[PDB]
*Asks:* 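Pasting a structure below so you can have a look.
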Amino acid sequence: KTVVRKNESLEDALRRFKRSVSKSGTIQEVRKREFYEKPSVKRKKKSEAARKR
Amino acid sequence: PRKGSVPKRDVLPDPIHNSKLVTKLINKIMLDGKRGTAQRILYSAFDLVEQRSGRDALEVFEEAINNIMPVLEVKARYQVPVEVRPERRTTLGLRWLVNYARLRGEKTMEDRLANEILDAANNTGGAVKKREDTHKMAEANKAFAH
Amino acid sequence: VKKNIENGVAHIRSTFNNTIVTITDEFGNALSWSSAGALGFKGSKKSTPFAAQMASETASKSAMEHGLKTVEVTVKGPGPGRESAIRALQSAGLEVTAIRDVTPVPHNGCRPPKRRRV
RNA sequence: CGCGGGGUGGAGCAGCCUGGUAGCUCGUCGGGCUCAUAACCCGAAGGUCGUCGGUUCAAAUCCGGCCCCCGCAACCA
RNA sequence: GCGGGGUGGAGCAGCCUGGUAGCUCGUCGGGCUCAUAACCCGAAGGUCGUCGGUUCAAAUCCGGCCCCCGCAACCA
RNA sequence: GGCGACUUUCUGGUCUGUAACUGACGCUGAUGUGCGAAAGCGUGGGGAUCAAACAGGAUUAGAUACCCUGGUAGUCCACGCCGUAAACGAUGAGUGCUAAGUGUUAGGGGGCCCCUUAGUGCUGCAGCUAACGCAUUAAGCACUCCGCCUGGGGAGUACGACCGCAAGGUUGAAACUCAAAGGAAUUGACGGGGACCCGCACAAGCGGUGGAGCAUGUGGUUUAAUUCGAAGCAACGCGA
RNA sequence: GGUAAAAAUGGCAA
Ligand SMILES: [Mg+2]
Ligand SMILES: [Mg+2]
Ligand SMILES: [Mg+2]
Ligand SMILES: [Mg+2]
Ligand SMILES: [Mg+2]
Ligand SMILES: [Mg+2]
Ligand SMILES: [Mg+2]
């Protein structure tokens, strides 16, 4: 939980908030589970994305 | 498919009123290259506006154009509100003034143009309505400004 | 008729379809709410950041009338209007003490719907 | 025969109560945009409020009369 | 035996309650397209089954006639 | 085939080192006999989610679809049945041999480095291949054994048999018909593929055409003849 | 993240 610092802008706090969300990866997870992907497809995506990484 | 911007042509100041804008107004009024009739209409209109207004013709004309010219307009891309360029602002102002004057009911163009310029100074002309309508539709599409 | 809650929580649910902002006390009792749909935004306009801001501002203003001054922000969903809503709370005059993400995530739970083939 | 309620753009639906301030939504019309279509956005029109009186600074608004409509009693010539 | 219906080329309103021919499709002329379809625009086309009656006036009301449809056709 | 929270119980296989022991006790494998995704079937239980069928909404010329809101079987458990998948590395199993380089998993050995065993990837010789490619994880070089193929369609159909509760599975023709089916690669063309660029292509503007009268060409129609030629752009004030 | 929606057809020869 980002807490606004003393003498810190809400906009500055918002920057900190956005970064923490990115590291958490909650957005990433949400998009993946929007629609069902068959087991074989899931495994392929995991592999090739890792190949990219 | 275009190379780039093309340099714009320039106009000499109006002899009678020493305004570049006055020269551009003549150009919009002119039809079929008939400059003299266009100049005649404008100068006569400026006499009538001053006569009725009791104020300098250029002053009221400047006041009129200021009301007609629009800060924002919608462009199809969803319609997006966009800032009108300074040069575009003048084009739209002059075009709207002349076009809406032509749609007025007075018998002669000079009277129509004077009634329009007077009305626009009072912020009540059809050209003013055009700006107001343009601004309204731009505000309605404010969400798409991004 | 007039409550006096100084400290409250603002919940922003931002989706690709809509933005809803509910302001509650710390115990989860609602004070005010607004949405893009409530303000009369329709279709694409509902999900725009502008609509989210307007929803946030409306909800904040009503909540302040109950004496809310400070707010803790909880954000749920992936929609484009989350940041605008947070800024609107500050703009409305409420102070954001903390911002937290509460979007729900299963630990491999229920089957998601079919992918849209079109 | 009593009692209760209502009559408001083409229609429905408020303000009536708690007098000054006929709104709202569709149906219209003209535009914009949409390849487009629809939707959406913008402008414009249409009820003087059931009617007629009284009272009041001011009444669709209140009080009265009157008419129409609806519901419920009355329903053992 | 008794009801119902017969309306542009098709299907379907208008009749009750006389004065008013509607809607969708089709047709026709134009447009779009390389062309066709789709789509867009403009337009034409029904003596209202047929003879009579009544009426100032009949798709409309009334009576025949022809056609069609439904129902009935029982007790021995 | 498959197997992904954790814990415990029961239980299978594999790899490394060592070299106690046994002493060729091995390999393959017709017929057999088991296991075998998903859907499906039977009996009983369960039912969150998702979701054939089905029902609305929408889209459309139509929309028995795609998209939206719902929704039953099913999806789950147990015990039976079914026995099939692009059940794929479209690559049977065993054994030995044949350049290297680099990553990674589980070990072993010796000084972070080197060596080594068994997997798992990438790159790449020789050799192989129609080509694409393969290349110590061979599609190279060899030996053993098994399964399978012999143009396309008809047809995985018919009939018979066997198996199955059923759905169906396994096995499996012919008449007739054709001169082709096919694999890989190449040059083009094309795409509601991509990148990058242009052109009054669009955008931004200005003035028109389509409506009127008339001139003219054309079509059609007419006529004794209305001479012949031009026909999307690139015929139609065109040959004239 | 996106995404605009709709978007049918066209004898065999040479
Ligand atoms: Mg056509
Ligand atoms: Mg199953
Ligand atoms: Mg569905
Ligand atoms: Mg098989
Ligand atoms: Mg290896
Ligand atoms: Mg013409
Ligand atoms: Mg063809």
Side-chain angles (χ1 to χ4, degrees), chain A residues 22 25-48 50-53, chain B residues 1-6 8-9 24 27-34 38 70 72-82 84-85 87-96 98-100 102-103 124-146, chain C residues 14-17 36-37 39-51 77-82 103-118:
Chain A
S22 306
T26 332
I27 298 185
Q28 307 172 3
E29 210 70 8
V30 164
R31 277 184 180 176
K32 294 183 178 186
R33 50 197 64 244
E34 288 176 356
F35 40 88
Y36 166 86
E37 45 185 10
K38 302 159 59 180
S40 56
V41 187
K42 300 196 192 72
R43 299 166 202 177
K44 284 195 290 288
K45 292 179 173 179
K46 189 93 177 304
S47 64
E48 296 186 0
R51 283 165 178 60
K52 301 167 57 189
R53 232 109 314 292
Chain B
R2 230 163 77 69
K3 303 304 214 307
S5 181
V6 174
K8 198 168 184 62
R9 313 155 199 294
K24 298 166 58 60
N27 273 352
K28 280 187 182 288
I29 299 168
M30 177 177 58
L31 299 173
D32 308 350
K34 304 187 80 173
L72 293 168
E73 64 173 359
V74 286
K75 285 195 181 305
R77 294 200 67 67
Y78 40 80
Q79 296 174 179
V80 49
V82 71
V84 183
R85 305 287 299 293
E87 64 279 359
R88 184 174 177 66
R89 229 205 159 188
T90 61
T91 295
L92 289 179
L94 291 179
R95 188 214 200 175
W96 292 345
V98 178
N99 291 0
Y100 284 92
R102 286 169 180 177
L103 299 177
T124 48
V128 150
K129 177 58 61 183
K130 173 61 175 182
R131 175 191 55 66
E132 292 167 355
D133 288 1
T134 296
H135 276 153
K136 283 172 164 294
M137 68 189 319
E139 285 193 0
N141 295 250
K142 178 169 299 302
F144 291 145
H146 297 274
Chain C
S14 54
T15 315
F16 293 142
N17 275 306
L39 300 178
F41 293 91
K42 313 181 72 168
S44 312
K45 301 175 187 177
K46 282 207 303 182
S47 52
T48 57
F50 173 73
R82 34 199 294 171
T103 169
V105 162
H107 298 169
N108 233 239
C110 287
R111 183 177 181 117
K114 292 179 313 171
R115 179 182 58 67
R116 308 179 66 241
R117 280 164 275 117
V118 121

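Keep in mind that the numbers below use all heavy atoms, side chains included, and drop hydrogens, waters and symmetry copies. Here is how names work: the chains are called A, B, and so on, in the same order as the sequence lines, proteins then strands, and each is numbered from 1.
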*Asks:* Rounding to the closest angstrom, what is the interatomic distance between F:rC141 and F:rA126 at atom P?
*Replies:* 15 Å
*Asks:* So what's F:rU218 doing, north or south, if we go by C1'-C2'-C3'-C4' (plus is north, minus is south)?
*Replies:* north
*Asks:* Is any side-chain nitrogen or oxygen of C:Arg117 closer than 4.0 Å to OP1 or OP2 of F:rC66?
*Replies:* no
*Asks:* Under 4.0 Å between a side-chain N or O of B:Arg77 and OP1 or OP2 of D:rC33?
*Replies:* no
*Asks:* Taking only the side-chain nitrogens and oxygens of B:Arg2, find out if one of them lies under 4.0 Å from OP1 or OP2 of F:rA203.
*Replies:* no
*Asks:* Between E:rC65 and E:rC2, how far apart are the two P atoms, rounded to whole Å?
*Replies:* 12 Å
*Asks:* If a positive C1'-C2'-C3'-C4' torsion means north (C3'-endo side) and a negative one means south (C2'-endo side), where does F:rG62 fall?
*Replies:* north
*Asks:* Taking the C1' atom of each, how far is E:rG14 from E:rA59, in whole Å?
*Replies:* 8 Å
*Asks:* Below 4.0 angstrom from OP1 or OP2 of F:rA38, is there any side-chain N or O of A:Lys38?
*Replies:* no
*Asks:* Would you say B:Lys136 places a side-chain N or O within less than 4.0 Å of OP1 or OP2 belonging to D:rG43?
*Replies:* yes
*Asks:* Taking the six-membered ring for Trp, does C:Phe16 stack with G:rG1 (centroid gap under 5.5 Å, planes within less than 30°)?
*Replies:* yes
*Asks:* When the P atoms of F:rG92 and F:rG80 are compared, how many Å lie between them, rounded to an integer?
*Replies:* 36 Å
*Asks:* With both distances under 3.5 angstrom, what nucleotide forms a Watson-Crick or G-U wobble pair with D:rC66?
*Replies:* D:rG50
*Asks:* Quantified in whole Å, what is the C1' atom distance between nucleotide F:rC145 and nucleotide F:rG29?
*Replies:* 7 Å
*Asks:* For F:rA52, does either OP1 or OP2 sit under 4.0 Å from a side-chain N or O belonging to C:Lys114?
*Replies:* yes
*Asks:* Strictly distance-based, threshold 3.5 Å: is any side-chain N or O of C:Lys46 a donor or acceptor partner for the main-chain N or O of C:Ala36?
*Replies:* no
*Asks:* Can we call F:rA161 and F:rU170 a base pair, counting Watson-Crick and G-U wobble only and needing both distances under 3.5 Å?
*Replies:* yes
*Asks:* Going by Watson-Crick or G-U wobble geometry, both distances under 3.5 Å, is E:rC56 a partner of E:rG19?
*Replies:* yes
*Asks:* With positive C1'-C2'-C3'-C4' meaning north and negative meaning south, how does D:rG9 come out?
*Replies:* south
*Asks:* With rounding to the closest Å, how many angstrom separate the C1' atoms on F:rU117 and F:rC79?
*Replies:* 47 Å
*Asks:* Does a nitrogen or oxygen in the side chain of C:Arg116 sit under 4.0 Å from OP1 or OP2 of F:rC68?
*Replies:* yes
*Asks:* Using Watson-Crick or G-U wobble geometry with both distances under 3.5 Å, which nucleotide pairs with F:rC132?
*Replies:* none
*Asks:* Which whole number of Å gives the distance between the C1' atom of D:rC26 and that of D:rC75?
*Replies:* 43 Å
*Asks:* Identify, via the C1'-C2'-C3'-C4' dihedral, which side the sugar of D:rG10 sits on: north or south.
*Replies:* north
*Asks:* Could you tell me how far F:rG36 sits from F:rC76 if I compare only their P atoms? Round to whole Å.
*Replies:* 15 Å
